Each structure stands twice: as structure tokens, then as C-alpha cells.
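Here's the structure, in C-alpha cells; my notes come after.
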Amino acid sequence: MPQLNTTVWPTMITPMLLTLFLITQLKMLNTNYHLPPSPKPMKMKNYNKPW
Amino acid sequence: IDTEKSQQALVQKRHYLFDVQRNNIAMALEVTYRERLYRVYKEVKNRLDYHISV
């Protein structure tokens with residue numbers, strides 16, 4: 001089994017740690033879901049006329 | 001904006017309270033004056049009429 005040849009094990013481990021812990025995560029951080037544009041038509045800090 | 005403009009309209013209508021108060025003061029004074037004149041007239045005429053009736 002070529003999977004047991006431990007000589008090429010760093011070549012398979014070092015890029016993965018860059019791809020899984022740096023690049024894919026930097027691409028998920030740039031995937032953002034903004035909160036809904038919910039517009040409140042009820043917002044009026046008013047008060048009775050000056051009486 | 002519409003609500004604020006309506007509030008301004010009511011503020012513009014405010015003056016009727018003081019119009020009412022002034023109307024009532026004037027009318028009460030006039031009623032009192034006329035009742036006093038009728039009282040003095042009635043007493044004078046009433047005494048003269050008691051004399052004429054006896």
C-alpha cells in the first residue's frame with residue numbers, strides 16, 4: 001500500500017494544514033449573511049403638544 | 001412628517017380655549033349688568049305700583 005510509505009507523509013500533511021486551517025477558513029470568513037432588512041414603520045419618539 | 005405637520009395644525013388651532021374664556025367673562029358681566037338694571041327698574045316700578053293700587 002502506497003499509503004503506508006511514510007516518506008511522502010509530510011508532503012500530504014503540510015498543504016492540507018494550509019488548505020483546511022487557512023485558505024478554506026479565509027474563504028468562509030468572506031461568506032457573510034447580513035441580518036434581514038426589516039424596516040420598522042413604527043418608530044416615533046413623539047410627545048403631546050405643549051399642553 | 002405627516003404626524004408632525006398635524007401636530008402643528010393643532011397648535012395653530014389652540015387659541016379657542018382663551019377665546020371661550022374671554023367670551024364667558026364678557027357674557028357673564030353683561031348678564032350681571034342687565035339683571036341689575038332690571039332689578040332697579042322693577043323695584044322702583046313696584047313701589048310706585050303699590051301706591052297706585054292702594
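Starting from 1 in every chain, residues are counted up; chains themselves are A, B, ... following the order of the C-alpha cells, and ligands are numbered from 1 as listed.
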
message: Only residues of chain A matter here; which ones have an atom within 12 Å of chain B, counting only C-alpha atoms? Give them as a PyMOL selection string.
response: chain A and resi 43-51

Deliver the residues from the most recent selection as a file, using N, CA, C and O atoms, as a PDB file, in the first residue's frame.
ATOM      1  N   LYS A  43     -41.659  53.919  14.538  1.00  0.00           N
ATOM      2  CA  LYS A  43     -40.607  54.496  15.363  1.00  0.00           C
ATOM      3  C   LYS A  43     -40.764  56.009  15.428  1.00  0.00           C
ATOM      4  O   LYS A  43     -40.292  56.731  14.544  1.00  0.00           O
ATOM      5  N   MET A  44     -41.425  56.501  16.481  1.00  0.00           N
ATOM      6  CA  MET A  44     -41.694  57.919  16.639  1.00  0.00           C
ATOM      7  C   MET A  44     -41.687  58.251  18.133  1.00  0.00           C
ATOM      8  O   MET A  44     -42.682  58.101  18.840  1.00  0.00           O
ATOM      9  N   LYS A  45     -40.540  58.717  18.624  1.00  0.00           N
ATOM     10  CA  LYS A  45     -40.459  59.197  19.997  1.00  0.00           C
ATOM     11  C   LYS A  45     -41.111  60.572  20.064  1.00  0.00           C
ATOM     12  O   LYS A  45     -40.426  61.595  20.165  1.00  0.00           O
ATOM     13  N   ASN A  46     -42.436  60.606  19.964  1.00  0.00           N
ATOM     14  CA  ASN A  46     -43.155  61.871  19.965  1.00  0.00           C
ATOM     15  C   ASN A  46     -43.625  62.225  21.367  1.00  0.00           C
ATOM     16  O   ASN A  46     -43.337  61.510  22.332  1.00  0.00           O
ATOM     17  N   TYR A  47     -44.344  63.336  21.481  1.00  0.00           N
ATOM     18  CA  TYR A  47     -44.950  63.731  22.741  1.00  0.00           C
ATOM     19  C   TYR A  47     -46.117  64.652  22.426  1.00  0.00           C
ATOM     20  O   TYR A  47     -46.125  65.332  21.397  1.00  0.00           O
ATOM     21  N   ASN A  48     -47.105  64.645  23.316  1.00  0.00           N
ATOM     22  CA  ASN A  48     -48.252  65.534  23.207  1.00  0.00           C
ATOM     23  C   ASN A  48     -47.806  66.969  22.966  1.00  0.00           C
ATOM     24  O   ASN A  48     -46.695  67.360  23.327  1.00  0.00           O
ATOM     25  N   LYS A  49     -48.678  67.744  22.340  1.00  0.00           N
ATOM     26  CA  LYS A  49     -48.441  69.149  22.051  1.00  0.00           C
ATOM     27  C   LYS A  49     -48.134  69.879  23.357  1.00  0.00           C
ATOM     28  O   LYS A  49     -48.418  69.341  24.435  1.00  0.00           O
ATOM     29  N   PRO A  50     -47.576  71.098  23.329  1.00  0.00           N
ATOM     30  CA  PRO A  50     -47.120  71.697  24.591  1.00  0.00           C
ATOM     31  C   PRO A  50     -48.256  72.060  25.534  1.00  0.00           C
ATOM     32  O   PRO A  50     -48.417  73.225  25.907  1.00  0.00           O
ATOM     33  N   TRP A  51     -49.034  71.061  25.936  1.00  0.00           N
ATOM     34  CA  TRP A  51     -50.116  71.253  26.892  1.00  0.00           C
ATOM     35  C   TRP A  51     -50.557  69.915  27.477  1.00  0.00           C
ATOM     36  O   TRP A  51     -49.932  68.883  27.227  1.00  0.00           O
TER      37      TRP A  51
END

message: If you run DSSP on the backbone here, which positions in chain A get helix (DSSP H, G or I)? Please write them as a list in words.
response: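 Selection result, helix (DSSP H, G or I) within chain A: residues 2, 3, 4, 6, 7, 8, 9, 10, 11, 12, 13, 14, 15, 16, 17, 18, 19, 20, 21, 22, 23, 24, 25, 26, 27, 28 and 29 of chain A.
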
Would you save the residues of that selection, restricted to C-alpha atoms, as a PDB file, in the first residue's frame?
ATOM      1  CA  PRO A   2       1.444   3.359  -1.046  1.00  0.00           C
ATOM      2  CA  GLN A   3      -0.484   4.869   1.873  1.00  0.00           C
ATOM      3  CA  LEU A   4       1.991   3.171   4.227  1.00  0.00           C
ATOM      4  CA  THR A   6       5.807   7.202   5.382  1.00  0.00           C
ATOM      5  CA  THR A   7       8.357   9.097   3.277  1.00  0.00           C
ATOM      6  CA  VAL A   8       5.749  11.191   1.451  1.00  0.00           C
ATOM      7  CA  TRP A   9       3.672  11.811   4.585  1.00  0.00           C
ATOM      8  CA  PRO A  10       4.747  15.449   5.158  1.00  0.00           C
ATOM      9  CA  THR A  11       4.054  16.297   1.510  1.00  0.00           C
ATOM     10  CA  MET A  12       0.457  15.217   2.171  1.00  0.00           C
ATOM     11  CA  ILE A  13       0.115  16.839   5.602  1.00  0.00           C
ATOM     12  CA  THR A  14       1.702  20.259   5.135  1.00  0.00           C
ATOM     13  CA  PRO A  15      -0.514  21.627   2.313  1.00  0.00           C
ATOM     14  CA  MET A  16      -3.644  20.219   3.965  1.00  0.00           C
ATOM     15  CA  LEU A  17      -3.000  22.237   7.120  1.00  0.00           C
ATOM     16  CA  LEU A  18      -2.723  25.303   4.903  1.00  0.00           C
ATOM     17  CA  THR A  19      -5.868  24.449   2.951  1.00  0.00           C
ATOM     18  CA  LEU A  20      -8.049  23.384   5.872  1.00  0.00           C
ATOM     19  CA  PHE A  21      -6.929  25.847   8.551  1.00  0.00           C
ATOM     20  CA  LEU A  22      -6.015  28.909   6.469  1.00  0.00           C
ATOM     21  CA  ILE A  23      -7.464  29.096   2.954  1.00  0.00           C
ATOM     22  CA  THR A  24     -10.882  27.476   3.311  1.00  0.00           C
ATOM     23  CA  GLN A  25     -11.404  29.388   6.548  1.00  0.00           C
ATOM     24  CA  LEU A  26     -10.381  32.683   4.965  1.00  0.00           C
ATOM     25  CA  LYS A  27     -12.918  31.945   2.242  1.00  0.00           C
ATOM     26  CA  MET A  28     -15.670  31.140   4.735  1.00  0.00           C
ATOM     27  CA  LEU A  29     -14.951  34.342   6.660  1.00  0.00           C
TER      28      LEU A  29
END

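Rounded to one decimal, CA of residue 25 (chain B) and CA of residue 41 (chain B) lie 24.6 Å from each other.
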
- prompt: Between CA of residue 12 (chain B) and CA of residue 28 (chain B), what is the distance, to one decimal in Å?
  reply: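 So the answer is 27.6 Å.
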